[PDB]
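Written out below as structure tokens is the structure these notes cover.
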Amino acid sequence: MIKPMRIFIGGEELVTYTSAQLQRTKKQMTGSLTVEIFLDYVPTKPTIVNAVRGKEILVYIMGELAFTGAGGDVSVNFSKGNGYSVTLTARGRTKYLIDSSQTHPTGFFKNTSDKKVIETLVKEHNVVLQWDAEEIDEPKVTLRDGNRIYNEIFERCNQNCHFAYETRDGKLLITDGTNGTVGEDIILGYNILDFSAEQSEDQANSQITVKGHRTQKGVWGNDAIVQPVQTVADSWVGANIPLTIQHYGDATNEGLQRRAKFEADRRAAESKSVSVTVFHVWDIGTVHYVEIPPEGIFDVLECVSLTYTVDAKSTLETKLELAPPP
Amino acid sequence: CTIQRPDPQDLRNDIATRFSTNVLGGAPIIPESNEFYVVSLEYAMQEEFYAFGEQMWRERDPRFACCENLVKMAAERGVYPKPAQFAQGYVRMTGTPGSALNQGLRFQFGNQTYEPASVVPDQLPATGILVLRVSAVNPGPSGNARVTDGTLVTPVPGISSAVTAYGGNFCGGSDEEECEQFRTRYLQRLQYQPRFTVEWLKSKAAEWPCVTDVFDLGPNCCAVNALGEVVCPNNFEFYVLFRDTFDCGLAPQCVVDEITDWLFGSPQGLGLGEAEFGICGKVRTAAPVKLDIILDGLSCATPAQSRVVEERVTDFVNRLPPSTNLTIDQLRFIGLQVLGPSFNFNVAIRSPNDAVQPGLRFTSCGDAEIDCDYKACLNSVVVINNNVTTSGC
Amino acid sequence: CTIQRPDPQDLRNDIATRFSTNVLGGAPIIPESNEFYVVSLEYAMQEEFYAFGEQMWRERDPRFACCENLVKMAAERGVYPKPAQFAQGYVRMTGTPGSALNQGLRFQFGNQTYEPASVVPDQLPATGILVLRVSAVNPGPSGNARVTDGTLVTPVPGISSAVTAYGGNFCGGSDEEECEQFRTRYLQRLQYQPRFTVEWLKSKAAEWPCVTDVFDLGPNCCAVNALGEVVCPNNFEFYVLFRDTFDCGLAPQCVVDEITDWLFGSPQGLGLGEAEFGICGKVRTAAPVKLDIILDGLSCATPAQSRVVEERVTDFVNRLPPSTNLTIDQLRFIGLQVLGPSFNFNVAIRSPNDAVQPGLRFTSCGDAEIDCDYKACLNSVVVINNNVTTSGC
Amino acid sequence: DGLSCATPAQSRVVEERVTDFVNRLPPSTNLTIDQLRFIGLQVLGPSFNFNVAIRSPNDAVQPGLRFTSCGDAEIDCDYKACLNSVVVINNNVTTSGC
Amino acid sequence: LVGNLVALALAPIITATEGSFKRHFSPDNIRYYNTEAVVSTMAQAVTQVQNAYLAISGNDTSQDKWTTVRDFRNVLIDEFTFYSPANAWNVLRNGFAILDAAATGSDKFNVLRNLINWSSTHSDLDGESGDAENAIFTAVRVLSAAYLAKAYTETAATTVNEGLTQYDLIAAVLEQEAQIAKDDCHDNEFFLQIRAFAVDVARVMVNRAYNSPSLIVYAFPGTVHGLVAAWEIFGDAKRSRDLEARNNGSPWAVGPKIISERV
Amino acid sequence: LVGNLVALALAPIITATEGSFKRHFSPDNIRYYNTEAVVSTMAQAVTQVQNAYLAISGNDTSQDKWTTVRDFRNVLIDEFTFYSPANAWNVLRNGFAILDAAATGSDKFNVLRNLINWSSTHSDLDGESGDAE
Amino acid sequence: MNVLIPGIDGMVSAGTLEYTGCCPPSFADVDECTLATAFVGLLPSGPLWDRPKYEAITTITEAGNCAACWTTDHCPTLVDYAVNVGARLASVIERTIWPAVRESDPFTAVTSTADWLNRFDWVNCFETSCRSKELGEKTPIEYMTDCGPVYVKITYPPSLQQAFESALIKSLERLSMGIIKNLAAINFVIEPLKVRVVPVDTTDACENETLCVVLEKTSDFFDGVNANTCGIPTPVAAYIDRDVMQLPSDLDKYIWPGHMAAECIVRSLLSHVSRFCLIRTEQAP
């Protein structure tokens, strides 16, 4: 059987979905399910509705979990001729972290670690954290009053390189490397329905200089105003394209270099973007060998994104966005 | 080997004979032909077969088996690895009565952070004092401490910031069990164990809070009758060391007496405690004998070697069991194993201010003979650097 | 870990590579040629090898044995399937004292038929009453029944043909075990190592037919913990009750002597019974001491509370351990729980008809102090009112 | 002296280490007692009793073999300590076996 | 929205168990000389669940175990925790849920079956005390039966008789519990609830045994190899591994009747 | 799922060699009068890999070539580095990884071949010492 | 009534289950001839394979090795290669899988008994010069010299040592299962060594010193071990004549290894008891 999906809003195995698009990504905290239901209306018989606006779903792809998290919205349309459709949208369970507002009493974490400040910024909405990077210590953590549960995490995992995204179970994964799990060697002429590689040069940078200030206890004057600096370099770009991305917490040498290398991996991973459309419908961090000789790719790349699409007519295709082989 | 691994030549002869009797109808084989090479491959394949069978036998042997397989094997016999432990203790806080309390209490003791274990009462009791069971926040041996005063991190209205460690110690903190220690603890359960109750009692007494080490009766504590023959003890006695609470880890008598009461019962031998029926015994402690150690000739070495030698000799003396001599040869071996065998290095064991101590005698050879119920204690390790270095000056 | 049966396609790819490199000098394996069939045949051999290997290695795992490889591999370690067990109970016969008694007696209770499970004396005792421990002739739960009056199948001269079971209690029948009820009880007797604790003796003595509960000694018994020149306790004594079988739950010496000979051994002290080697003991019963409780001031409480207090007092006094005082405080506190602090409720303990009984004294506070090898058995709880109150009106 | 009260595996290990240390001793080098005690202090631990002694076979005199004040065998040039036999013995009573 | 007849819903039976537990468990309304005994029995039940989890997790190194163990210990060491029906029931349900989430399928069989045996006993106390202890035992046994059903459903049936035997075991346990909860009109309501959960587990386990893989018995003339049988049935010899878990018989002689899946 | 049979995978053999090395190398469990010899053998092997890298890099000027050389000295100067199997194996594996990443193809032939000749000897010590070497 | 047979927990009663039916065919079944001819089924079918697959006869030579019978009208094909592959396969199964499955169980090990003893950490009490004095004044294997006894390491015959080590391993495996220390469980544990512990006293002891126990032999024959997969373990004698093995004269006339191992095990089990002899008696077959 070609059958990939079987959606469950709660146990109701969707059998009417006229189309579907499921997107997973590392550049963000969530995903985006988008189902299309029929929903007939006979204007004499009784009709029943479903006002879910929050009733929880999952998308088992090809006999395996793909998503986990109709919370998004209901979008009942109309028309005379092809009307009566219902687009349901469903973000990832790590969402309220995105649309909430921090309500922690204190506001001033003292002598804490980024892991802990993240555990208490999440356990207010029951989103178990899959911490798999490391423990970094920091003296002063003051959250801007009611900023956002997601802005603060993104800020706390960017100044110490940590990808923050969501898994297939419904958890928040704060990683530092890859998800291992290597796979299919996509070769040009073997399965690529379509490809598009673009390694531009307007989004690269030779030297990244990180400056800031020291926020430790007792440290003042020069040792907290003058010294903290670092200059990391990407010996691949070319000419002197300098930069200065300033730091915003407890600027240690390691802290400086680490924020620096984080951005030096962001800019790197944006300077070779390979979108491939493959055929039939597990790669949110997977590495694959890719072979596209005409554009000179013979290298091992990491899939940043993954989009399954369907439409009963001509579809079932997967769009991957990959990660550069520096 | 464990299967058989027959003589190679014989195996190849048998393979060739089978191939000739079956395929070629009994005729020998032309060397360097298709059939010769076919025979050689088969042989290689059967050699790999022997190997695979051997290792499939090995993968079901407690001693040589991957950790995962080891844990799966031991779960079938009742041995499970030990998880990580959080420290524990009691905190006594004070303030004005009637104030409000919440579950977000966190205490700062030294450099560590601690949290309530039980449910915090809604209001501070009318006495004005609250005693709370408290566990550490980070698992491992770091949570263990010996402190008496601490501060409140999260300030609460009407509650003074100063809190006290009720008891003065935070026991229990331990780390996860490795795979090799778990292997050697599992393999100690299947093997034939004489005097099983002695090891059982020791492994049970090791679970008392803050008990760091458990030792048997040392050698300087045997006993002989009038006839001149060794007497075997009819009870079960041993020593314990609380190495992170008291000085040298030696505890006062009341603590070890309570440990005895908990382990054997009162009266002992009736099975009221942990031990079985008809098991008497006694947990003991020791008295410290202070010793100075002087290392001469250590300035000739690189700073790394000097630092590591001092660390190792301190560690050795601190972990020396009670009722055991601190001989010069042991310290000298510790120094030799680092500095090399042709290095000049002399050690000396002295008493502070050359005073006489009970249960300490300096044999002619230079050792420190230590009587029963006593234990060596490192007063100070001093290194005598008379400016001697590698190049004059 | 490490090594495992290879993916079929990978196995064949490796066999083909070896065959083409070590035999055919590197030539490809052209399909449908004789080398294609030879490679297919070698791959089949290796597949059969790996599959047969994984088969027996499963046949030796107790969690997946094939039953008969489970009944052995477990009868070599001493774990056997429990068969259908017989029911047991107590009968009581009467006749002319001194009558001749046979060994092959048989009793008819309803539809069942029982036989003496102990040694039958040569003659009827002089008192004229003889109690016996019988067991069913056919196994199974059907042996468990509730019948009181049975007949003597074989008429014996000078013996009444009408016997009575003691409480119509025949307890102990059950059925055999299946292959799945036996995996557990095997795969679990492999995780626990027996120990000889007091819990062990107290749960072993409860296996006897129709022993409701077993108590340790009491406050008023005095125990000789050690027997013979020895430095550790080696004596242990009990108190068993047959509540729903005997009067007040006390059995005569004849039955507890048999329990003693079964548990601790015939020549006591040599490990011939179910007890450890060298640990003599005894299973002693007690004598009933009737007590008459007078609850003064319950009549005024609503009938529900009075019924509750009665059914709690009678049940507290029934289950009272032998050789333990029935203090007045313990009885008062049963009324304070249902009646509340605003009730007046006095409790008195008396002997029936103010008669003196062996082993009964009254303390200065009114406590019924019981000398040991005795047990407080309820005679009748009576309610009365002498203090006037406004509960009426 | 004092090995029999150790696990047979430990005694076997100490014997196989002593037999190999003495065979490989460079010529004209004293076989000292400290170098032997260590071969025992490493596997037996510092809680075990283990004394070693060096003697001439049948207490006979050999050319170029002297004994120091501390019990070490002093050897002259052109002479090398070759092992005759290593012997285990137990004379000091203990409670190891009971 | 089609139904969901491939899966068990354990929420209604757990709610009914909560009701029947809190109805017969109140260590503040039993005689004072029995509360300590009842509460010790409750703590012993929680200890059993703890041991189950500690034996099923094994090589789980993540700090989540490291906490769950500390939570179990902090609950057991305290003294006033089990004197309230709310805390006791929350501890019991959460313990069973954590024991569930630790493994998948067969791994959780032996453990859970031991639990069914532990709570297969009856209480000797009288009146209300015995009713409280029996409520403890009944809660444990019914939760174990439900979670063992959920464990059976998570793994594929190797033979129709195997799936039916597993269903027979679980249905027998549930009928035993219903007869207990109906003996002298203890609670009629829990009897009805157990009956409903029994018919649900019946539909799911029977569908699993007969229809999850559609097992057929192929009739081969004479016994044959594993590879040849697989290739003739499916047209794909690599599926020979599939014919070994269901058929007993040497790999070179499987048959002459071979159980396999539909084509 | 096509397999790039155009390519060698070195990860499995590297992990296997790691296991086989850490099984027979414990310089804390060998006789005291051979530990120095065993550790010296290890240091000499790492010196061979260092000389290999220096002979293959040649005209590399980038600062990575200055830091790598500094790290080789720093690891060979210190004494207690090779007394632990973890540090020994990590040093060896990273040294080979750098020797690989220093050139490409033909260039790395003679150098690697010399190594195969150096490690084609056997140990003279006995017992566990011979096993460690 | 029930008739109880000894067990790891005293005297339990035993029973029998019904013959279920499913038990995969085991090693005993595999034979070169029964699966040499089977492998001929793996070839294709057609006019090239029909006749040869029909004329496939198989015979047994001297050393097993089921070969094909080349009558004087043969037709060399691949069918005989398939006979060859099947025969091999049976051979490599019988020499690679049957051992290493026979050796993983203490109750079937044949060639790995000394390794099993090294696993069980079994140490002998009679073989060390620092033995306990309560073990007797002169053990059966110690001869006398002016300065005390001298133990003599005995090198038992290979078959006898194999049987003795196998019995010791069975008994150590049973003991490791945690017995209770009564007399029935002890006797069941040490049963494979063909030795029984029997008390000396009759009257209720528990009031007298010296509660002693004598060791009594239950047979003059260790049950051996069969390397094969079909047969019966060949029994060997469990004793040694001192004069035949040419040992010093002071030793006992007959030396029994099983008796010494059993005495070690029981003296270690009942060590915590304070008053217990063990009177050893010289037992001639």
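Each chain in the structure tokens gets a letter, A, B and so on, in the order shown; residues start at 1 in every chain, and ligands are counted from 1 in the order they appear.
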### Query
chain C least-squares fit onto chain B, all C-alpha atoms in order: RMSD in Å?
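C-alpha RMSD after least-squares superposition: 12.1 Å.
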Would you give me, as a tab-separated table, each residue of chain C having an atom within 8 Å of an atom of chain G, along with its shortest atom pair and that distance in Å to one decimal, using only C-alpha atoms and sorting by chain and residue number?
residue	atom	partner	partner_atom	distance
C:37	CA	G:43	CA	7.9
C:41	CA	G:82	CA	7.1
C:42	CA	G:85	CA	7.2
C:45	CA	G:89	CA	6.3
C:49	CA	G:93	CA	7.0
C:53	CA	G:97	CA	6.6
C:55	CA	G:24	CA	7.8
C:56	CA	G:26	CA	7.1
C:57	CA	G:101	CA	7.4
C:59	CA	G:24	CA	7.8
C:66	CA	G:23	CA	5.3
C:67	CA	G:20	CA	7.5
C:68	CA	G:23	CA	7.6
C:69	CA	G:23	CA	8.0
C:76	CA	G:107	CA	7.6
C:77	CA	G:174	CA	5.6
C:78	CA	G:7	CA	4.5
C:79	CA	G:7	CA	6.6
C:80	CA	G:14	CA	5.3
C:81	CA	G:15	CA	5.3
C:82	CA	G:14	CA	5.4
C:83	CA	G:15	CA	4.9
C:85	CA	G:2	CA	7.8
C:86	CA	G:1	CA	7.7
C:117	CA	G:1	CA	7.5
C:135	CA	G:1	CA	7.9
C:177	CA	G:17	CA	7.8
C:178	CA	G:17	CA	6.8
C:179	CA	G:17	CA	7.1
C:190	CA	G:177	CA	6.9
C:192	CA	G:178	CA	7.7
C:193	CA	G:178	CA	4.5
C:194	CA	G:178	CA	5.7
C:195	CA	G:180	CA	6.6
C:196	CA	G:180	CA	6.9
C:227	CA	G:207	CA	5.8
C:228	CA	G:207	CA	4.3
C:229	CA	G:209	CA	7.1
C:230	CA	G:274	CA	7.1
C:266	CA	G:204	CA	7.5
C:267	CA	G:204	CA	4.4
C:268	CA	G:204	CA	4.8
C:269	CA	G:206	CA	5.2
C:270	CA	G:199	CA	6.9
C:271	CA	G:182	CA	4.7
C:272	CA	G:183	CA	5.9
C:273	CA	G:182	CA	7.3
C:274	CA	G:182	CA	6.7
C:275	CA	G:182	CA	6.1
C:276	CA	G:182	CA	4.5
C:277	CA	G:182	CA	4.9
C:278	CA	G:273	CA	7.3
C:279	CA	G:206	CA	7.7
C:280	CA	G:206	CA	6.3
Export, as a compact mmCIF listing (two decimals), in the first residue's frame, the selected residues with N, CA and C atoms.
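File produced: out_37.txt:
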# COMPACT_ATOMS: atom_id res chain seq x y z
N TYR C 37 24.30 -19.86 -9.53
CA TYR C 37 23.69 -20.90 -8.72
C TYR C 37 24.59 -21.31 -7.56
N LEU C 41 23.60 -20.99 -3.66
CA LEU C 41 23.62 -22.17 -2.79
C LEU C 41 24.42 -21.89 -1.53
N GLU C 42 25.55 -21.21 -1.66
CA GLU C 42 26.33 -20.84 -0.49
C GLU C 42 25.55 -19.89 0.41
N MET C 45 23.13 -21.83 2.40
CA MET C 45 23.77 -22.52 3.52
C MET C 45 23.96 -21.58 4.70
N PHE C 49 22.27 -21.71 8.45
CA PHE C 49 23.13 -21.70 9.62
C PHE C 49 22.67 -20.67 10.63
N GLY C 53 20.90 -21.32 14.25
CA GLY C 53 21.57 -20.77 15.42
C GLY C 53 20.63 -19.97 16.29
N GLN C 55 17.57 -20.30 16.52
CA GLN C 55 16.47 -21.12 17.02
C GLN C 55 16.80 -21.70 18.40
N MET C 56 17.90 -22.44 18.51
CA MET C 56 18.21 -23.10 19.78
C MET C 56 18.54 -22.09 20.86
N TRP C 57 19.30 -21.05 20.52
CA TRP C 57 19.58 -20.01 21.50
C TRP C 57 18.30 -19.43 22.09
N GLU C 59 15.56 -21.58 22.29
CA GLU C 59 15.10 -22.74 23.04
C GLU C 59 15.73 -22.87 24.42
N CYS C 66 10.15 -24.16 25.26
CA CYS C 66 9.02 -24.81 24.67
C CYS C 66 8.40 -25.73 25.63
N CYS C 67 8.10 -25.24 26.80
CA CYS C 67 7.52 -26.05 27.86
C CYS C 67 8.31 -27.27 28.25
N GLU C 68 8.56 -28.23 27.37
CA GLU C 68 9.24 -29.39 27.94
C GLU C 68 10.71 -29.11 28.16
N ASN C 69 11.28 -28.19 27.39
CA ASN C 69 12.60 -27.68 27.73
C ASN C 69 12.53 -26.72 28.90
N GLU C 76 16.39 -29.46 37.07
CA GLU C 76 17.80 -29.58 37.41
C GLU C 76 18.21 -28.56 38.46
N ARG C 77 17.42 -27.51 38.64
CA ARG C 77 17.63 -26.52 39.68
C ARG C 77 16.68 -26.70 40.85
N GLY C 78 15.71 -27.59 40.75
CA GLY C 78 14.84 -27.90 41.86
C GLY C 78 13.57 -27.07 41.92
N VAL C 79 12.92 -26.89 40.77
CA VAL C 79 11.67 -26.15 40.69
C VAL C 79 10.69 -27.02 39.92
N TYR C 80 9.68 -27.57 40.57
CA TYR C 80 8.81 -28.49 39.88
C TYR C 80 7.38 -28.00 39.92
N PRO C 81 6.57 -28.39 38.96
CA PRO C 81 5.17 -27.97 38.87
C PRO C 81 4.36 -28.54 40.02
N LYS C 82 3.66 -27.67 40.72
CA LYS C 82 2.87 -28.09 41.87
C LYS C 82 1.65 -28.86 41.41
N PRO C 83 1.43 -30.08 41.88
CA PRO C 83 0.25 -30.84 41.46
C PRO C 83 -0.96 -30.44 42.29
N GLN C 85 -3.48 -30.35 45.04
CA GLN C 85 -3.23 -30.65 46.44
C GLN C 85 -4.53 -30.98 47.17
N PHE C 86 -4.39 -31.74 48.26
CA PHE C 86 -5.52 -32.26 49.01
C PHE C 86 -5.98 -31.27 50.06
N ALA C 117 -4.52 -38.20 58.55
CA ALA C 117 -3.24 -37.74 58.03
C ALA C 117 -2.12 -37.81 59.06
N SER C 135 -7.24 -35.77 55.98
CA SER C 135 -7.07 -35.18 54.66
C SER C 135 -7.93 -35.93 53.67
N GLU C 177 -1.04 -27.03 37.99
CA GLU C 177 -0.51 -25.86 37.31
C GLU C 177 -0.37 -26.12 35.82
N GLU C 178 -0.53 -25.06 35.04
CA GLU C 178 -0.37 -25.12 33.60
C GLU C 178 1.03 -24.66 33.20
N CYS C 179 1.31 -24.67 31.90
CA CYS C 179 2.62 -24.25 31.43
C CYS C 179 2.85 -22.76 31.60
N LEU C 190 13.98 -17.19 40.44
CA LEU C 190 15.31 -17.00 39.95
C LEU C 190 15.76 -15.61 40.26
N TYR C 192 14.86 -14.21 43.46
CA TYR C 192 14.81 -14.03 44.90
C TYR C 192 15.58 -15.09 45.61
N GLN C 193 16.35 -14.70 46.61
CA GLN C 193 17.13 -15.65 47.37
C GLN C 193 16.61 -15.74 48.78
N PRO C 194 16.11 -16.90 49.19
CA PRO C 194 15.53 -17.09 50.51
C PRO C 194 16.40 -16.62 51.64
N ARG C 195 15.86 -16.32 52.84
CA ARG C 195 16.70 -15.73 53.89
C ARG C 195 16.62 -16.15 55.37
N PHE C 196 15.56 -16.77 55.79
CA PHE C 196 15.38 -17.16 57.19
C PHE C 196 15.30 -15.94 58.11
N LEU C 227 19.69 -21.68 74.05
CA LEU C 227 19.61 -23.03 74.59
C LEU C 227 20.97 -23.68 74.47
N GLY C 228 21.52 -24.13 75.59
CA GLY C 228 22.83 -24.73 75.58
C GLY C 228 23.91 -23.67 75.60
N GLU C 229 25.13 -24.04 75.97
CA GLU C 229 26.22 -23.07 75.95
C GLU C 229 26.35 -22.46 74.57
N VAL C 230 25.98 -21.19 74.43
CA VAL C 230 26.00 -20.51 73.14
C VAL C 230 25.94 -19.02 73.43
N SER C 266 11.98 -33.44 64.19
CA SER C 266 11.79 -34.50 65.15
C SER C 266 12.90 -34.38 66.16
N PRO C 267 14.12 -34.87 65.85
CA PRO C 267 15.15 -34.59 66.83
C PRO C 267 15.37 -33.13 66.68
N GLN C 268 14.83 -32.32 67.56
CA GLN C 268 14.90 -30.89 67.36
C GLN C 268 16.27 -30.34 67.48
N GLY C 269 16.73 -29.62 66.48
CA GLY C 269 18.00 -28.93 66.61
C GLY C 269 18.99 -29.31 65.53
N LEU C 270 18.63 -30.28 64.70
CA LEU C 270 19.53 -30.81 63.68
C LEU C 270 19.07 -30.47 62.27
N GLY C 271 18.15 -29.53 62.13
CA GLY C 271 17.70 -29.12 60.81
C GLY C 271 16.88 -30.15 60.08
N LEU C 272 16.17 -31.01 60.80
CA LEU C 272 15.35 -32.03 60.16
C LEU C 272 13.99 -31.51 59.71
N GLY C 273 13.54 -30.38 60.24
CA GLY C 273 12.30 -29.77 59.82
C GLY C 273 12.53 -28.62 58.87
N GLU C 274 11.50 -27.81 58.70
CA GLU C 274 11.59 -26.69 57.77
C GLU C 274 12.47 -25.56 58.27
N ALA C 275 13.02 -25.65 59.48
CA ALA C 275 13.83 -24.58 60.04
C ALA C 275 15.32 -24.80 59.75
N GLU C 276 16.09 -23.73 59.92
CA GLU C 276 17.52 -23.76 59.65
C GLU C 276 18.22 -24.73 60.61
N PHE C 277 19.43 -25.14 60.23
CA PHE C 277 20.17 -26.11 61.02
C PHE C 277 20.57 -25.51 62.36
N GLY C 278 20.16 -26.15 63.45
CA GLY C 278 20.63 -25.76 64.76
C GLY C 278 19.80 -24.70 65.43
N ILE C 279 18.50 -24.63 65.17
CA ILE C 279 17.70 -23.56 65.74
C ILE C 279 16.42 -24.13 66.26
N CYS C 280 16.46 -24.66 67.46
CA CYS C 280 15.29 -25.27 68.04
C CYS C 280 14.24 -24.26 68.36
### Query
Within 7 Å of residue 150 (chain E), counting only C-alpha atoms, which residues qualify if same-chain residues fewer than 4 places away don't, as a list in words?
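Final neighbour list, sorted by chain and number: residues 8, 146 and 154 of chain E.
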Suppose we keep C-alpha atoms; can you now write the selection as an mmCIF file, in the first residue's frame?
data_model
loop_
_atom_site.group_PDB
_atom_site.id
_atom_site.type_symbol
_atom_site.label_atom_id
_atom_site.label_comp_id
_atom_site.auth_asym_id
_atom_site.auth_seq_id
_atom_site.Cartn_x
_atom_site.Cartn_y
_atom_site.Cartn_z
ATOM 1 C CA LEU E 8 -8.032 0.582 23.602
ATOM 2 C CA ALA E 146 -6.048 -2.917 31.719
ATOM 3 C CA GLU E 154 1.079 -2.963 21.148
#
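When the distance limit is 9 Å and only C-alpha atoms are what count, the residues near region 103-120 of chain F, minus those fewer than 3 positions from it on the same chain, are residues 45, 48, 49, 52, 53, 55, 56, 57, 99 and 100 of chain F.
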### Message
Would you pick out the contacts of region 218-229 of chain E at 7 Å or less, using only C-alpha atoms, so that residues sharing its chain but fewer than 2 positions from it are not included, and give the list as a ChimeraX atom specification?
### Response
/E:216,231-233,237,240,251-259
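Residues in contact with residue 121 (chain B) at 9 Å, where only C-alpha atoms are counted and same-chain residues fewer than 3 positions away are skipped, are listed as residues 101, 102, 103, 124 and 125 of chain B.
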What does the file look like for those residues with C-alpha atoms, as a PDB file, in the first residue's frame?
ATOM      1  CA  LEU B 101       4.397  29.862  52.422  1.00  0.00           C
ATOM      2  CA  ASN B 102       4.624  28.453  48.906  1.00  0.00           C
ATOM      3  CA  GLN B 103       6.177  25.419  47.253  1.00  0.00           C
ATOM      4  CA  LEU B 124       4.150  28.816  59.275  1.00  0.00           C
ATOM      5  CA  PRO B 125       3.169  27.064  62.524  1.00  0.00           C
TER       6      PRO B 125
END
### Task
Just the alpha helix (DSSP H) stuff from region 267-321 of chain C, please, per backbone DSSP, written as JSON, numbers by chain.
{"C": [303, 304, 305, 306, 307, 308, 309, 310, 311, 312, 313, 314, 315, 316, 317, 318]}
Take the residues just selected and output them with N, CA and C atoms as a compact mmCIF listing (two decimals), in the first residue's frame.
# COMPACT_ATOMS: atom_id res chain seq x y z
N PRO C 303 -29.02 3.73 68.07
CA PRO C 303 -28.71 2.29 67.96
C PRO C 303 -27.60 1.95 66.98
N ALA C 304 -27.41 2.75 65.93
CA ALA C 304 -26.34 2.46 64.98
C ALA C 304 -24.97 2.55 65.65
N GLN C 305 -24.76 3.59 66.46
CA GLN C 305 -23.48 3.73 67.14
C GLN C 305 -23.27 2.61 68.15
N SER C 306 -24.33 2.20 68.85
CA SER C 306 -24.18 1.11 69.82
C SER C 306 -23.84 -0.20 69.12
N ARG C 307 -24.48 -0.47 67.99
CA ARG C 307 -24.15 -1.68 67.24
C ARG C 307 -22.72 -1.64 66.72
N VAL C 308 -22.27 -0.48 66.25
CA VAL C 308 -20.89 -0.36 65.78
C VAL C 308 -19.92 -0.61 66.93
N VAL C 309 -20.17 0.00 68.09
CA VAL C 309 -19.25 -0.17 69.21
C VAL C 309 -19.20 -1.62 69.64
N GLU C 310 -20.35 -2.31 69.64
CA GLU C 310 -20.32 -3.72 70.02
C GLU C 310 -19.53 -4.55 69.01
N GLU C 311 -19.80 -4.37 67.72
CA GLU C 311 -19.12 -5.20 66.73
C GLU C 311 -17.65 -4.83 66.61
N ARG C 312 -17.23 -3.70 67.17
CA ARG C 312 -15.80 -3.41 67.25
C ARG C 312 -15.16 -3.96 68.51
N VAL C 313 -15.87 -3.91 69.64
CA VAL C 313 -15.29 -4.42 70.88
C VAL C 313 -15.14 -5.93 70.83
N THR C 314 -16.18 -6.63 70.36
CA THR C 314 -16.08 -8.08 70.28
C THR C 314 -14.98 -8.50 69.32
N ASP C 315 -14.79 -7.75 68.24
CA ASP C 315 -13.75 -8.10 67.28
C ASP C 315 -12.37 -7.74 67.78
N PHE C 316 -12.24 -6.70 68.60
CA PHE C 316 -10.95 -6.38 69.18
C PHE C 316 -10.54 -7.42 70.21
N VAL C 317 -11.50 -7.89 71.00
CA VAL C 317 -11.16 -8.85 72.04
C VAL C 317 -10.95 -10.24 71.46
N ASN C 318 -11.62 -10.57 70.35
CA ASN C 318 -11.40 -11.88 69.75
C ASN C 318 -9.97 -12.02 69.24
### Task
Would you mind listing what lies within 9 Å of residue 47 (chain D) as a list in words, with only C-alpha atoms counted and same-chain residues fewer than 4 positions away left out?
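The neighbour list is residues 218, 219, 320, 321, 324 and 325 of chain B; 41 of chain D.
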### Task
Between A:157, A:178, A:313, A:268, single out the one closest to residue 255 (chain A), counting only C-alpha atoms.
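Between A:157, A:178, A:313, A:268, the residue approaching residue 255 (chain A) most closely is A:157.
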